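These notes concern the structure reproduced below.
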Amino acid sequence: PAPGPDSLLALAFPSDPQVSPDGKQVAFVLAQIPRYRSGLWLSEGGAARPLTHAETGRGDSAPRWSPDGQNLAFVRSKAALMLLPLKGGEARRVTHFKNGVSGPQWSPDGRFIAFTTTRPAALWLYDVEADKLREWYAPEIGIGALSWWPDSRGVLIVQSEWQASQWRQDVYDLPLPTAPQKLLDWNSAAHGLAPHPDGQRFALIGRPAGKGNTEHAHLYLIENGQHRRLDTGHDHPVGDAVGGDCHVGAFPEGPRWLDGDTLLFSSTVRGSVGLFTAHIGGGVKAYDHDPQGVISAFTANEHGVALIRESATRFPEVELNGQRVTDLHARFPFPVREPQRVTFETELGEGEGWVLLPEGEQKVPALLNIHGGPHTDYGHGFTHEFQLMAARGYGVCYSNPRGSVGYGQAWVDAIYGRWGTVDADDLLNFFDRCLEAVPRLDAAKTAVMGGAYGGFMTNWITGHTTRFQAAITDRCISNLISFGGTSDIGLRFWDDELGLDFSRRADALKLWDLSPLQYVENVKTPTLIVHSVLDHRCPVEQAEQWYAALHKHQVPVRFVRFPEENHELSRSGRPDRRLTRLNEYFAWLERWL
Amino acid sequence: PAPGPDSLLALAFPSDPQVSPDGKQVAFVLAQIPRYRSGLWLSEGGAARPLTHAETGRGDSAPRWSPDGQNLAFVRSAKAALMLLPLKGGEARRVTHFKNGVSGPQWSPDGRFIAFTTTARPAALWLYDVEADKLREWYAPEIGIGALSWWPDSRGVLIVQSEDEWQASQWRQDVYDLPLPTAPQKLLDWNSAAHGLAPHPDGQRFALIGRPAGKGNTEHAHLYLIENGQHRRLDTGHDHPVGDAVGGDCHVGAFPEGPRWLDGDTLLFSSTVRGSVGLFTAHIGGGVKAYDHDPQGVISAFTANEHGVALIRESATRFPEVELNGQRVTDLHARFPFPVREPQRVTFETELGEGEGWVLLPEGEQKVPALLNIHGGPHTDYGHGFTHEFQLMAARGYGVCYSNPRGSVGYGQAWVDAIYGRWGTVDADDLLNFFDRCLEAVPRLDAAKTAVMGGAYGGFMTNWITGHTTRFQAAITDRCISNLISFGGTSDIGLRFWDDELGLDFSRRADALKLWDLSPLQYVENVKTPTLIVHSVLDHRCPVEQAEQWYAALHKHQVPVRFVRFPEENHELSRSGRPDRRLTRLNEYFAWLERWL
Amino acid sequence: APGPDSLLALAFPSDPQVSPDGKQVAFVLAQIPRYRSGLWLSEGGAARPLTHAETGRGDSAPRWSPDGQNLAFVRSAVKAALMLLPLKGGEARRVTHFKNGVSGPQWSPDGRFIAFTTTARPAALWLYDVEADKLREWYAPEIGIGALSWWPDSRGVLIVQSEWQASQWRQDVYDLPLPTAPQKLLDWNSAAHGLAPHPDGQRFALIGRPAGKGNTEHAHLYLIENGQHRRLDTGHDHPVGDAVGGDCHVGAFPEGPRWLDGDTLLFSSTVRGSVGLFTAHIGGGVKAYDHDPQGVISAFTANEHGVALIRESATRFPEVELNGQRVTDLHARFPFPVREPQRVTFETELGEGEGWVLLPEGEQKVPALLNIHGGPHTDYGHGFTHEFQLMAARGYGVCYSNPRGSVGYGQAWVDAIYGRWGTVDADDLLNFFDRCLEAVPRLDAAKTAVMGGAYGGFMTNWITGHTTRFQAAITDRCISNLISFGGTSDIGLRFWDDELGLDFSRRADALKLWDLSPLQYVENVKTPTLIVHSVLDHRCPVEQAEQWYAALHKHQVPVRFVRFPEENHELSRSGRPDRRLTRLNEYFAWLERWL
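Here is the structure:
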């Protein structure tokens, strides 16, 4: 009896590992079941123990240590702000808003908790010594990243309509109430504010105004409006950009100053995510970077570090100062298997990918999976779907073609303005090496699949070769012109990824020549189409055009239209979308392979 | 301005003071505000602090210490789930998931089990295996389980239960040994009323509260030592009943009075003595000694072990407060929103000796109306319980005269027996004698602006009094009895109440005629006093048919009458936390008094 | 063998309303599990449905417009809206939109108005202007309006209304003219209903009793002229209206007297277990009009051109008739054969009393069920009783009689029990039962039961408390304690005053009431008794059944207490037959256990 999609229901999902101010404790969130609900967990160095026990709603989330280490602020599910005394007693509710709260942050002196609540959410203030609430700042467009000054005089906030329309933000100083002034004319993307201990300088993640969105995000030190790059000599982006289907909840990666010179940050490097230290008077040193593993989240102070760590074969686990605190991989209900690396050659150097095989020695069908982004990475995140594919007798081939994010800026830039050229080549180059390097893969039973950008590429590949026996296109793009007018990022995505504006005649034709639907007449591969009905980032019209086209050519086609939006497990704890999606994946694969 | 019924909403109500096993802590319930909700509070010796924070439902109640002192079992309504709260960090976990909830949790002394009951007809005894986090039905009784107590070795439970529904109707019960399940035998053939089982530390003998089979319900409840089915009385030389039987309108929630063995010879218990309730020590090889007995105060509840005692204490002048080993742990009297006043003792003479009562007067030197309040029971006591209603009556300019006539419970068995078979003779004499003494001893009382009032039996007596004299200018009868024959057939204690209180069976011809001659309705034609009638529509103990008969009779005679029919049953404040019934009753009381006095 | 559900085969007729030209009848029929009612119509042939309710209680109160072209009626779907149905084509229109609905519509004889009442404390009299399609409140009464009748010239209405007089259940008659920018007509100070205005527009007739008489007095017809009153149904020692038992009456049953001409007034009267139509005469006595002494006319409408009625017998289910021609086929729906009763007589110091025995098929011995009718001033006899037919169909001999206190055998027969319930009435019943066992050898004297409702429950309790001869007893809506009844029942102060001359609120009277209470003698009861009572009964509070149950239980007599959440007559109130089926189920279950 081979395992099925229901194997997912055995898993509990860790998230938001928050280290205590003294560095000797970690509080985190864990989502468990059919519906997933989350509660707070706590460990002092040993096996974690539950702190709350939610029975209804989504559960409890966003644990935030009070500076004295005695209380945990958290959010309870619409979303009320709670105060849990850690040395005895149940939590008290301190907010009573109709639509709840989001993103609580203690002030370093423990005198305040900042948060937002609901056109754009306004920043509020909970006076702890007064048990009183107070609206702090109601923004015009909205507030992004927020961080208290280390002396608790106020908060740094990132916020922008003309500049807001260009997805460009600045940084403002907002003092405690007794109007916010501007600190940095940034006119670009900025998050991850990390105030320096000196209370004057601060660091941010993002890009200066000159760069575009395809540019690697980096660390920048701000001083009197001046900015200089902090993570020098590191041609890799800041933050986790590696795939993995076992991330449910919040995953903080905000940089933290370990000392006056050291700022710790995460970075994606060739399919891995590691921790590094940027230095004011120096370059960048590795801090905790297994090139075979992924650190998905981390908190830190001068006394300790907490994180979530995983690998291609290890389910995410919570760690406190190197000591693993959870036993979540033990819950995985079938043996996990180790991938084998397969390389392919490019004019930019060596590309890499992996093959995950089932047990035995018999020939098995070969599944080419294409990751989305396109500027993310496959590699060393834990993928339950890939493990389950192998456990059901499929060879999973997955790679990082040009356009992936972890192999340098040039690797990303190679596909700029020409989706469907070198990226499609790299993928079929990689797949050909997989069949050569692994004789066990059945070259007569092949499939191609991917989501989002992987759906675009699945559509593009099926429209330029018939070699595959099945295809599964998920959250696909078929018509880049309509996407520009229908998607909620349509005007900036093609502008950033391709330098094309669908509302200009010459650009629209180039977009049409990049559209997989132009070449749909060549599609002969039986395709399963998976899409959400209410998708705002990739409207369902993209999947409708592909379905109608294959159906008009009478290519074997199936169209699953989900009423639940994407990431529904994270949004409601309901795993129905993932189980049905995997059910349809395997059903389609069993029919044609 | 003058205080009104709303003064009640200033008060928070304590209940269930549970001492920790090591004797250094007290966990208790406090119900506070419009609806009252209860949460768990805890103290180690200083000012109590809240442990839970109920926002919906009735709240949290029934705190039970785990023997290791690390956890609190309790019941949550937000219906009635069993919860476990780790006391040194973390929120509570729910361990039962029954549709109708649970009731009465009790840890096993080894901390290995939690016993409780839950329904689905009579509630079945269930078992929570703590080390296993598993549930299991233990014993589903035929009729029902009353008192329950673990053996000190946690080998099983003693239970009180009846043989059939006939024996249950007559309040006859036995005691059964029920061992822990693996895949109940009788311990004592009692055939009488029994509760408050207190197993002896030796794991073989045990004590019980109640009466032997021969005696009736009017006999004082006493302590009995059980040994191999043999029984001997334990609280010898103490002509007073066990437990609190003193009036007081500030008890909302559970009030434990279960006797506790301090050592192998000493058993600690509560007892009512002339309007007060104190703690005493029963002794196997001795008599009865006082332990904590202020003759001016009432100890309404207590827990105890070999390491400490927690209790709730009040007086006629002090709102209930929680105590731990002599140290008051709450500050609830401070919330009382107007000054309280000191009662004056007034005595009256009987062929059995001297009876006593009290007068509570308002401020000033002016003449004031005199309110004769009659306590129910009839075998209970006025005196040294805190009565918010009496304090508010005086604060609104009324003189409150309230006494303990013959039939009251705290002045010996003979005082109780004086009224047997003849309600409306010496009890009514004592009450009007006492009232005449009040007007004599306190000239401030206006003999021309007087009223008579009482509840249950006090309603019975109010009807009897107004039907045999015209002296009062107003009357308020609450939960009254008017027709003793119909009461026998309609009330859920009618099948034995008149049998024990009067030796009369309404279902026998000659007895019913005597019952009719003892019914105030026979003499209703003499009533001329403007009467306010207060009653719940769905009262099971005193069906509203009793109040309907009085109202209809007064109405045909056109005696000024008003009939308030409450949709909420009695003790609704304890049942749902809603104080509407209590405020409405007080509003109607004072409104009626302002019209006629 | 048939069961209680045999009732669900039946449809129930009511309110037979003749058209003004006398050639048509519109009526209500309640059919199926819930009963809903619709309007039916016949011109002389088989009746046909006019409406088709699927929700609510249905449509009711059909009333002809004077021109014969429209039917006003009341619709429950919507509590009770007044509807207008054009009879020659088209669906009905709703003209009232009140939250609590309307009640008792009456056209004015000129067709210009429809009077009715509707609530908001007492219901106010309203007016629908037909030519204007406008509504208008007419008269908001202080206490309430009882009977109402338009003057024949449509100038206004006579109303019966009374707090001092209202508390004594005494009413007068008022003239109320139509509004433009009410005076009293008769100082009656007594019970009056059934106003029948004379064609001359000045005099009118009433049903009731003058102030001197009490309620146990036979109701009679009285002619009113300028405040003077004289009895109209002279030489007829029987009351006006139907007072005979029968369990197949669902809905309104009009019996309002009607002037056939200037001298003739048609009325109904109960006579020795029957209900017939008679004619009273201004210049004469009383003549029979349609009086089968073996049948019951439960309702009737009439004018100068025709008569419609409902007729039944001990062996014939109720049927609608128009001028002698039966227009319904409802007896055909009765799902098992009906059987013919036997008359059995008993002797009284007042003369001959009568009763009946209904036996099952065969020749074998059968148990004998003594059934006691309530009232006490009603009659058993010639109404259709589905329960009695079903009892026989299940192998029981049903013995039922009219003892002294019954209403149809003269005023003296009624007055014999005054102030002494449980003497001559209980004697007559057991006298009757002894004659039944003698006259009918098939009755098993060793398997007997006694049962009855209301007053029949009082008597069942009284009898079981003074004899043990019966093997089972079923007491339904019983009275056990006459003292508490006086204070709990919504008629407690007027019932014992009228029936016994006793006021429970006076000491000497209460003792006499206690001596009349079956509970005083409960110690003697040894008969296994089933107790049936409604929990929310206002006329007979449940405390009466609780006292009996507790008493039998304390003596450990075999006892069973069915407490109904539905009040009495729930079938008529909601169309739900659950109470009737449950009650019959419990009856037969108890009888099978002990007989």
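Residue numbers (my numbering), protein chains in the order written: chain A, 46 to 638; chain B, 168 to 764; chain C, 2 to 596.
Idealized CB from N, CA, C, for every residue including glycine.
Under 6 Å Cβ to Cβ from residue i, same chain only, skipping five residues before and after it: list those, please.
i	result
residue 654/A	With chain A running from 46 to 638 in the structure shown, residue 654/A is simply not present.
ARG213/A	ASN232 and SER233
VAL609/B	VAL526
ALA375/A	none
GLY475/B	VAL186, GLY190 and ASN492
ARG399/B	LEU392
So which residues of chain C does residue i contact, with C-beta pairs closer than 7 Å?
i	result
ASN650/B	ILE484 and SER485
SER674/B	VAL523, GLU524, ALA552, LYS555 and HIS556
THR657/B	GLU544, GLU547 and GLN548
Which residues of chain B have a Cβ atom closer than 7 Å to the Cβ of residue i, listed in chain order?
i	result
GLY493/C	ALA719
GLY134/A	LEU218
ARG137/A	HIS220
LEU543/A	Ordered by position in chain B, no residue passes the 7 Å Cβ test against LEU543/A, which lies about 52 Å from the chain.
In chain C, what lies closer than 9 Å to residue i by C-beta?
i	result
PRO710/B	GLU544 and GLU547
Check the Cβ of residue i against every Cβ in chain A and list those closer than 7 Å, keeping chain order.
i	result
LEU491/B	Those do not exist, as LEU491/B stays about 17 Å from chain A at its closest Cβ, beyond 7 Å.
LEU254/B	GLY133
Short of 7 Å in beta carbon distance, which residues of its chain neighbour residue i, apart from the five on each side in sequence? Order them along the chain.
i	result
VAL96/C	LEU83, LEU85, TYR129 and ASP134
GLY284/C	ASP264
Give every residue of the same chain whose Cβ lies closer than 8 Å to the Cβ of residue i, excluding the five residues on either side of it in the sequence, and list them in chain order.
i	result
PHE733/B	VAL701, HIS702, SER703, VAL704, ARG748, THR751 and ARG752
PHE513/A	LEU413, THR491, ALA492, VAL493, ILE506, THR507 and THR570
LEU178/A	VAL139, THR140, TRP169, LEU170, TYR171 and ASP172
Can you check DSSP and say which residues form a bridge with residue i?
i	result
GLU516/B	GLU521/B
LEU88/C	For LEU88/C, which the question treats as bridged, DSSP gives no partner whatsoever.
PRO220/A	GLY199/A
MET452/C	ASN372/C and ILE475/C
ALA197/C	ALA206/C
Residues in the region 71-86 of chain A having any Cβ partner in chain B nearer than 8 Å: none
Inter-stretch contact (C-beta, 8 Å, three-pair minimum) for the region 352-360 of chain C and the region 40-59 of chain C: no
Contact list for the region 99-129 of chain A against chain B, Cβ threshold 8 Å: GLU100 and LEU129
The region 587-598 of chain B: positions lying closer than 9 Å to chain C by Cβ: none
Near-chain B residues of the region 508-519 of chain C (beta-carbon distance less than 8 Å), N- to C-terminal order: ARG508, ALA511, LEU512 and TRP515
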